[PDB]
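Listed below, chain by chain, are the residues.
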There are 4 protein chains.
Amino acid sequence: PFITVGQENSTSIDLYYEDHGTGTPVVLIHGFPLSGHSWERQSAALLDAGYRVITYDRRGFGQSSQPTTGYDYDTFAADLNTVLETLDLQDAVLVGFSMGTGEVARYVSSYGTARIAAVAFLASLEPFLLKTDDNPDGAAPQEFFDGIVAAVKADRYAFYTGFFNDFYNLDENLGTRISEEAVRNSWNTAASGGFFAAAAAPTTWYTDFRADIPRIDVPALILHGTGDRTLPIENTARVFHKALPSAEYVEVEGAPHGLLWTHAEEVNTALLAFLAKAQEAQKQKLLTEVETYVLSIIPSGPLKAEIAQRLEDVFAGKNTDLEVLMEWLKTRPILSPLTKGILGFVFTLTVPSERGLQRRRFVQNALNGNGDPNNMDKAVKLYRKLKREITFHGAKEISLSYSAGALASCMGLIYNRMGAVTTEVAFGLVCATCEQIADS
Amino acid sequence: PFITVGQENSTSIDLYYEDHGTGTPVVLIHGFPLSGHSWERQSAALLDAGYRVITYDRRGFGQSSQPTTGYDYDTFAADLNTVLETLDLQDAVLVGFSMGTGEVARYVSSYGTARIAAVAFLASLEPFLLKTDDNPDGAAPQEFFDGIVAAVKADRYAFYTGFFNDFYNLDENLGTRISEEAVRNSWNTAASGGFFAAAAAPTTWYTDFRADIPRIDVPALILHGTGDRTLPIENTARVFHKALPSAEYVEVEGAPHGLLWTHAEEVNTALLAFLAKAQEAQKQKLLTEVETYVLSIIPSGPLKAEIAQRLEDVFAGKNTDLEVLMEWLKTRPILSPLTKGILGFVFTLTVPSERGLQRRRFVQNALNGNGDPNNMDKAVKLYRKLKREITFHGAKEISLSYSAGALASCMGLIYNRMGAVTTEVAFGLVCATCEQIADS
Amino acid sequence: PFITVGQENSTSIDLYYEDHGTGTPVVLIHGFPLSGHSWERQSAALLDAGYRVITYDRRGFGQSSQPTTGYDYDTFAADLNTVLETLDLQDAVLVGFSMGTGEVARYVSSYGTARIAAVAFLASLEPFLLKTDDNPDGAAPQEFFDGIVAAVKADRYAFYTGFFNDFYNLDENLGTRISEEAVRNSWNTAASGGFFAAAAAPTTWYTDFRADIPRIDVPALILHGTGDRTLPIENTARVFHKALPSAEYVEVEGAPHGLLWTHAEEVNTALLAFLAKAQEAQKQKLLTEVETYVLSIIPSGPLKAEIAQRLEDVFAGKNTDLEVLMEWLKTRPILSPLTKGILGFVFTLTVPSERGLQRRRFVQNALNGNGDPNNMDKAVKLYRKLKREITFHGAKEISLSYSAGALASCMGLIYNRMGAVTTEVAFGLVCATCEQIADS
Amino acid sequence: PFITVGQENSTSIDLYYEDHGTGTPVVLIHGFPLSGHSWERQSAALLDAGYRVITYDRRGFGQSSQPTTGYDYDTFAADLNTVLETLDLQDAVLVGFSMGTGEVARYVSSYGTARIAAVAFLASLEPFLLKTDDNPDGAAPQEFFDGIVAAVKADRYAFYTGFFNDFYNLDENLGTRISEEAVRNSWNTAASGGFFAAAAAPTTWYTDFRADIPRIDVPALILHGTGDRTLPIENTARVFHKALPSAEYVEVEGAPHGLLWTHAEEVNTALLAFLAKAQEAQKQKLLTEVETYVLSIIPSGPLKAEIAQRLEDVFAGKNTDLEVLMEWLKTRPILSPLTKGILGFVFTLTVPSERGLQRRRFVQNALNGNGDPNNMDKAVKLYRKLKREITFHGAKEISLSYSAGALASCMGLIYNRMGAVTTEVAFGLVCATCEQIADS
């Protein structure tokens, strides 16, 4: 599979990518000089955990096009933007390794965390590798990196051998954490890359990400091996943690630069933990917002408390019966039809096991709103806008511009299944609907 | 005349209604198994007293549609809501009889007393007819009502005969308080209803209105006959009065269930009295609203106390001299010109005996400010809107859409050309004028 | 509710009708001189039995328009055709009483049993009431009926009294099977009719239905009371049974002409029996047809037998689990995807309790058919035709004109819920799909 | 340029107006019998001082329509209201001369000081010119003004000669403070007016503005010449000052009525001083808005404090070196390139002495917007909209509709000098750019 990110002369620039599994999108950005297939140990684990795994090969690496231009992090991040937009990924998590951390930092800084839910940095370059006067926390001076470029240009194939020796810490890990054959494959992948890209890549390593770091607002994870030879822990992760103290910090003892394979077990554990925790963290903050908004329209009393209880139960994951819940709603004495309708919409939306209940009439009759053609006109116009929308805060603001009558019908469109919007947006709509009703 | 309240299959559900007279809207909700025409003795009296009488037939009764669904008080109240909103009634009084009492309680509870000014309950079902463990004040157990439904299903036509026998207490009242022909008509009206509705109605009688009662905030009247066979006074009105002690309680001695006809004179007397009382009650709440709004613009001090006292005196009926008041106003310090104008407007409006005093110059100069308001078009367009208006709340909301400058000029037009708007509307304007000034 | 069936001068001709309940449509055609409300005892029972009850008032009767034209069975049947077509009734059962049997016979003869599933004749006029030379089985000669017309014209109101005496056999049944009040109501309904229609109707009674009878192909029921005074059993039902020996014959002993009320219990039992039996009779013949067609594409073996067994189980009503059935289908070794797809469509369509299974991908991927735009073009064109169609034989023929590839996609449209067709038509499609595949 | 203020018969009533310069709006209302061009000496000074000068001709005067109706200050003020609302001026300063002072007083009184920031009265009519019993401080009685009207009607052209003799105090000022040619032009302007307006205007002079005066809440300036023959100082300004003691009072010694030209230097000085207090007040509120918006994108730390200080310094007028600031900006390690670009744009825009500093490379590369042709296209579309815009709030709103990428490139267009927008608009863009960045 390929995604076109540019054009070089008579040829086009396409990136090889892979899209597997169903769930929240997790983008895995490989490091030098490998490819997307490097994540296979992580990829295997993430697929088991019910995630949607997306991997791609950087330009001039793996199966991607090998142009002789655009080897800078502004172009690398631009490519990632194209990738995310082409696939239309929403609420996705970016995971970068080695060079890949640079792409994450730069994209977030330059394009914003709109589509991004969280970020993870494994074996990061950040904040600045170059050792200069203003940056004494650099790993090595300019002259050093110039040596690497010249080394690759001398003989890239022979370079790869020496490269992977410190990439995996073979003197320690060979025959224990990484096999001879596994290394052999990595070398093949390296050779498969572009000759130009090979020597062009090291110049990108001393990129100054210090300006990109503050723009990271989504939950972050910083992971790094102490036995990292290529990128020394202290010149990278340790100072990176000072720049981003909010980030979850993980130090894997004795892990080499290539810990994705060698210490895969420690990596998976740490990553899957961070992902599951950050997911439930944003689920709770979303559901508590929905609760307060829905309860805002319900009049204070013993009924309000009962509703609050059943809402908490389904939000907590306590598999309640839906036929019973709906029969309970239908039979309520002081609740207004619209209130019952909104509640009916919210319960079907949040309940995982629909159990087999056909779209109830009492909910449908509540949301239609007299079946005014004036109301259904604004409802489709709003529906068009919500299809493009993804953020909850984004979906709520644009919906607020519409009247309470138009909003109710819009909810009815979705309920009847004449509409296909994401849950975050659907919650945006219902919260906006509740807000208008509360002010009436 | 019909109002669509729903839809059943290929057909729509419309309720037959009647709208007569001009004045404050009085909605009369009939009981089982009759129709809106039952109120004819009350309607005749209410029309004489200059009220606007609105009657409608419950679904499956009289000239209304006869569906086989929606025979519950939640649906009954929804229908009433549609009726009130379709006609856009404001500050109206709901009067219920037998079953009609259930609709009043439920609507007030579920939809709020926004459009409602006061409520009346004649021969009420409230609070709970069903005799259970938690409710020993019930009239009869579940098994009893199951007999009635089965009795109606057996032969509804033959049932009506036995029903009206106790409905009017015929052994006593026939040939005395109700004629053979009058009952004959009642029987016809009963038969004219829906066959399904006939047997569906008794199940609604044991509805638990105990939760609906506390939500009654508007002035209430509870009337009931002591000789009521259908709904025994002690299991209904007496316990209802304990639940709603604020309500005006009337016990008609020896009156049967269908006292609307038999003891019509006693009923009319009591009802017109309560209505007249609720008018003065809402008149007071109107003047207290005007006081607070007028007082909102006057700066705290000894003058504010003097004005508030002088306002209370004229509101109480303590007939003050107007030439003196106006001379008193004219000579007040610290008073903004607009403030003196508003007060001058209020005083001429509230003082009964204007004595024959020519339109004061200082008020004209205080509000209008030497500029002729008639020339200003915005003042006239609002004046045009206020001529159509009747309610205080209706006049105040539409006036708020205009700027403070336009409102002052509008007040000037009324004062100058000896305005021809109702006092209730006139107060809406001044309160709206005060509200704009209070903010900026 | 009204349905316009014509126009008389400046006015239009509308028929009052009622549409209640959900299920198979049962049309109840009243007799002289009553209205649709006459069925109330039958109507009450039919609604309990989960039927859709449709009643209407004949022109010049009950709440219908009262024109001075069109009082002949060709017009009466034309009105019924309009009624059936306006409501778009499908697979409906016609039930006629007294005059109403004439409408059933004439409509079936003149318009065909396309929309009709079965017919019932209670207190029939058929085959010919007029006593002439060619028809000695007539009840009375021309001169007699001329007397009735003249009797109605003399005084219709006084006529009604004498009419209902023999209509109900009051000397026997009054105070036992029919109350004084019940009769009173019937008289009111009679008087409510048109003066012209009253005297015009008897001329319709001696209509020759002998030519209409052979055209009755749907299952029929003939019910009649032996104590029938208005229409003597021997001059009507007994000779009618000789003309239609296929019909289910029921003789209610001692029942009068008005047995709908008096002997309602015997009537309901007999009618509900005939309806339930005729329904299951057409359900079995439909399902056995579907079975043979579906099995035609499955290759002979142990798998074919297993499929046949699970098909019989769901058709018999044995509530099988659907998640299990679908998992069983998905996991089959030699079954082709299209075969699995067709089977997936058939099981969801026939299983009453969907249990809560989201539209399975394996079925969707089977029916899409490579997602050829050429196939989806013919599929919508066919879908348009099937929306108009209702008969299984009718739906199958028009579908056969389309290619196997186009048919599979059409099934996919319905499965995805982008289409709304009746079950009989849906079965027509699947059988046509199976037929094309079998010949490939 | 024209603004329609009414309609007279087949024709419409339009007022000629002029809108020049950028900044806070200053409305100049001319006197009798001239036009807006009379302010030319003031306009020249006000344009130099960076104001937005708006002048218009009164109905029947200058280039405005010459109707035969609406010659009263209620109509004059209505016209002014239309002008202010059509142009949607906000926080504007009204400056009136002779008759023009009447419009200011009346509009402020009748329409409120919503859009007005301050008011100025030069050679005022206020409070009341008519000499009566209740007003002994009047200049002349009714009979006198009737003489002027009759004088104009006799021969307006010959009247103009004698009028300007006392308007400018020609015996004193001719050949000294006003030239023969200047007067000649004034005469032409007078003759150019309407014949009807000419004789209708004097009747408006004895208008009672005494009630309008208290309604003036914005800061006021009262200027008047002692040598005023037309409107005697003691009967006008002196008594006006007693009515409005809060007002800034300026008496120009020996100045005639038409002091706008003769004593232009004294007038301008006094006026610009009074205006400068209100202008500097609104400049700061604009710069504080820009500051908060610019600081919004800078990440918290010691650097944020440093920037805010340097921003306050340049806004205060502290001539900071720009070459130093830009080098300081260029060398910051944690500032994002876009951030450096925006700040660079702001500094070049706010720093007066640009000192001939060439367009910095680092700013250009930040604003280029990744040289996306799609981003560059949207920027031009926005630039077209910004070319039409004039207000800061207006420029900010329309810019917010564009993406952050499109906004940055648009700033690049202006910075590179491929675009020409006003400073207020330019700030709108930069603030809109910051707002998008803050939201990510």
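Residues numbered from 1 in each chain as written, not as in the entry; some residues may be left out. Chains lettered and ligands numbered in written order. Part of a larger assembly, values for the part shown. Heavy atoms only, no water.

Going by the header, the method for this PDB entry is X-ray crystallography, and the resolution given is 3.4950 Å.

**Q** Account for the domain arrangement of chain A, naming residues and giving values.
**A** Residues and elements named next belong to chain A. Here chain A is described as being made up of domain 1 (1-279), domain 2 (280-366) and domain 3 (367-440). Put simply, the middle of domain 1 and the middle of domain 2, counted by C-alpha atoms, are 44 Å apart. Taken residue by residue, the interface counts five residues in domain 1 and four residues in domain 2. Buried area between domain 1 and domain 2, both sides added, is near 420 Å², and the carbon and sulfur share of it is 33%. The interface formed by domain 1 and domain 2 includes zero salt bridges. Ranked by the residues each element gives to the side of domain 1 that touches domain 2, the list is headed by helix 12 (residues 264-297), at four residues. Here the side of domain 1 that touches domain 2 is composed, by residue class, of three nonpolar, one polar and one charged. (Domains from an automatic or database assignment. Contact = heavy atoms within 4.5 Å. Buried area = accessible area lost by both parts, 1.4 Å probe. Salt bridge = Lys/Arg side-chain N within 4 Å of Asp/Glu carboxyl O. Helix = DSSP H or I, 4+ residues; strand = E, 2+ residues; numbered from the N terminus. Nonpolar A, V, L, I, M, F, W, Y, C, P; charged D, E, K, R; others polar.)

**Q** Run through the interface of chain A and chain B, naming residues and quoting values.
**A** The interface is formed by six residues belonging to chain A together with seven residues belonging to chain B. Summed over both partners, the interface of chain A with chain B buries about 540 Å², with 41% contributed by carbon and sulfur atoms. Counting the contacts that link chain A with chain B gives zero salt bridges. The interface formed by chain A and chain B includes three residue pairs in polar contact. Residue composition of the side of chain A that touches chain B, grouped by class: three nonpolar, two polar and one charged. (Polar contact = N/O pair within 3.5 Å; in protein donor to acceptor, adjacent residues only side chain to side chain.)

**Q** Any chance you could break down the pairing of strand 4 (residues 52-56) of chain B for me, citing the residues and the numbers?
**A** Residues and elements named next belong to chain B. Burial analysis of strand 4 places four of its five residues in the buried class, the great majority of the element. Pairing between strand 2 (residues 11-20) and strand 4: four bridges, direction antiparallel. Directly across from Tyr17, in strand 4, lies its bridge partner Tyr56. The pairing of strand 3 (residues 25-29) with strand 4 spans five bridges and is parallel. Residue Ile29 lies in a different strand from strand 4, and its bridge partner there is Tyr56. Assessed by its sense of winding, the connection that carries the chain from strand 3 through helix 1 (residues 40-48) to strand 4 is right-handed. (Buried < 20%, exposed > 50% of the residue type's maximum accessible area, 1.4 Å probe, protein only. Pairing = 2+ DSSP bridges. Right-handed = clockwise from strand over helix to strand, strands pointing away.)

**Q** If you had to explain the packing of helix 13 (residues 322-330) of chain B against helix 14 (residues 337-350) of chain B to someone new, which residues and values would you point to?
**A** To characterise two packed helices, one gives the angle between the axes of the helices and the distance between these axes. Residue and element names in this part refer to chain B. Two numbers describe how helix 13 lies on helix 14: the axes approach to 10 Å, and their chain directions differ by 175°. The orientation of helix 13 with respect to helix 14, classified from their angle, is roughly antiparallel. Of helix 14, the residues touching helix 13 (which contributes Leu322, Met326, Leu329 and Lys330) are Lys340, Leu343, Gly344, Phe347 and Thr348. Classifying every residue of the contact of helix 13 with helix 14 by side-chain character gives five nonpolar, two polar and two charged. (Axes fitted to C-alpha atoms, helices over the stretch in contact; angles between N-to-C directions. Parallel < 35°, antiparallel > 145°, perpendicular 65-115°, else oblique.)

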